[PDB]
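Spelled out, the chains give:
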Amino acid sequence: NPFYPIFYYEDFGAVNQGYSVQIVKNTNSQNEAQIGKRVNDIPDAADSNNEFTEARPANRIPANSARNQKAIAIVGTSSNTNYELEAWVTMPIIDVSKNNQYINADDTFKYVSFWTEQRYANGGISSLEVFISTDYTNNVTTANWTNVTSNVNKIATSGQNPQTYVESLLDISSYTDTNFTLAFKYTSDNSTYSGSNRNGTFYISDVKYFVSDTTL
């Protein structure tokens, strides 16, 4: 792999470049321009508790074209109103087997790292969950999903680490599927807004698929 240890790392730099969005529920008609929009607020030292330190690769991987990194934002609260949403942000369908030209049989361990943030989320009425499908093609409602939220030690969480990007690390070493789809599911409700009861805005950024010779 010329890009070793990274085999997939897009920039979300244009509409649907490395991601896609499906809005399965929008009961209270939040504007769609606020659901899965691209924003300039990406992790840096000052907004990650100085944990996002390394420089990004100059190019998108594997497209090998100039990187222009953007985050994906989902706004569950606007105008002091809680909007009930089910919004999915799906990653590309990636071959995580050794048939991938960038993955070799001696790459014993495989990981995805990603960064998430919540702003103005309080009370536990919104959440960001992570799922894996190995039969997804183009519709989240026609695929089978396995909830793997419990398999990351940290993810953006209502009431916790406000306005701070936090890193998740997901071990996918046991997967060898040719059509491997990671996805994020945002859910929120429409209970009465207050500073202690609000859906907030969640961010998804810097989803990096990579291998390792030793456990992480």
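Residues numbered from 1 in each chain as written, not as in the entry; some residues may be left out. Heavy atoms only, no water. Residues with missing side-chain atoms left out of burial classes, pairs and counts.

- Under the annotation held in the PDB entry, the protein chain carries the name DUF4955 domain-containing protein and is attributed to Polaribacter haliotis.
- According to the record, the entry carries the title "A carbohydrate binding domain of a putative chondroitinase".

Digging into the overall build of the protein chain
- Helix and strand counts for the protein chain stand at 0 helices and 13 strands.
- Against the compact-globule benchmark of 17 Å for 216 residues, the protein chain has a radius of gyration of 17 Å, which places it among compact chains.
- Sequence-distant contacts in the protein chain: of pairs separated by 6 or more residues, those separated by 24 or more amount to 82%. (Helix = DSSP H or I, 4+ residues; strand = E, 2+ residues; numbered from the N terminus. Rg over C-alpha atoms; globule rule 2.2 N^0.38 Å. Contact = heavy atoms within 4.5 Å.)

A look at the nonpolar core
- Grouped together as the largest cluster of nonpolar side chains are 51 residues, with contacts concentrated most on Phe-7, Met-91, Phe-114, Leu-182, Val-207 and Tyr-209.
- Mapped by element, the contributors of at least two residues to this core are strand 1 (6-9), strand 3 (35-39), strand 4 (71-75), strand 7 (85-90), strand 8 (109-119), strand 9 (126-133), strand 12 (181-188) and strand 13 (201-212).
- Among the elements that take part in this core, strand 13 stands out by supplying 7 residues, more than any other.
- Sequence-distant contacts of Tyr-209, that is, excluding residues within four places in its chain, are made with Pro-5, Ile-6, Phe-7, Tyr-8, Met-91, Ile-94, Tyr-111, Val-112, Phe-180 and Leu-182.
- Listed in part, the 7 residues of the second largest apolar core include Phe-131, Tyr-136, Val-140 and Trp-145. (Core = buried A, V, L, I, M, F, W, Y, C linked by side-chain atoms within 4.5 Å. Buried < 20%, exposed > 50% of the residue type's maximum accessible area, 1.4 Å probe, protein only.)

Considering the pairing of strand 7
- For strand 7, the buried fraction is high: 6 of the 6 residues fall into the buried class.
- Neither face of strand 7 is left uncovered, since the one carrying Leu-85, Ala-87 and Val-89 and the one carrying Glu-86, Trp-88 and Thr-90 both have all their residues buried.
- Here strand 2 (residues 20-26) pairs with strand 7 via 6 bridges, running antiparallel. Paired with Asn-26 across the strands is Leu-85, a residue of strand 7. (Pairing = 2+ DSSP bridges.)

Thoughts on the environment of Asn-161
- Locating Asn-161 in the fold gives a position in the loop between strand 10 (146-147) and strand 11 (166-171).
- Relative accessible area serves as the criterion here: at 48%, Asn-161 is assigned to the partly exposed category.
- Contacts of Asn-161, omitting those with residues within four sequence positions, involve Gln-118 and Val-166.

A short note on the pattern of salt bridges
- Under the definition given, this model contains 5 salt bridges.
- Residue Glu-10 pairs with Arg-60 through a salt bridge whose shortest N-O separation is 2.8 Å. Taken together, the residues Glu-10 in the loop between strand 1 and strand 2 and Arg-60 in the loop between strand 3 and strand 4 connect sequence positions 50 residues apart.
- On the accessibility criterion, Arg-60 (13% relative accessible area) is buried. (Salt bridge = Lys/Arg side-chain N within 4 Å of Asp/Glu carboxyl O.)

Considerations on the packing of aromatic side chains
- Inspection of every chain in the model, using the stated rule, returns 13 aromatic pairs.
- When the ring of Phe-52 is compared with that of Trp-115, the centres are 5.1 Å apart and the planes differ by 75°; the resulting orientation is edge-to-face. Pair noted here: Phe-52 is in the loop between strand 3 and strand 4 and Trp-115 is in strand 8, with a separation of 63 residues, a long-range link. The pair formed by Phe-52 and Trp-115 is uniform in burial state, with each residue classed as buried.
- Centroid distance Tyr-175 to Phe-180: 5.2 Å. Interplanar angle 70°. Geometry classified as edge-to-face. Residue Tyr-175 shares its accessibility class with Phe-180, and that shared class is buried.
- Through a chain of ring-to-ring contacts, three or more aromatic side chains come together here, namely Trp-88, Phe-131, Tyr-136 and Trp-145.
- For the cation-ring pair, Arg-67 lies above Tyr-9, with the distance from its terminal atom to the ring centre recorded as 4.0 Å. (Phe/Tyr/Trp six-rings, centres within 6.5 Å; stacked < 30°, edge-to-face > 60°. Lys NZ or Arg CZ within 6 Å of the ring centre and 35° of its normal.)

Examining unusual backbone geometry
- Between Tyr-4 and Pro-5 the backbone carries a cis peptide bond, its omega angle lying at 5°.
- Examined against the element boundaries, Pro-5 turns out to sit in the segment before strand 1.
- With an omega dihedral of 5°, the bond running from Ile-61 to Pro-62 counts as a cis peptide bond.
- Of note, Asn-64 is a non-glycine position whose phi angle comes to about 60°, a positive value.

Quick look at the pairing of strand 9
- With respect to burial, strand 9 is a largely interior element, 6 of its 8 residues being buried.
- Of the strand pairs in this sheet, strand 9 and strand 10 are connected by 2 bridges, and their pairing is antiparallel. Counted as the bridge partner of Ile-132 is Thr-146 from strand 10.

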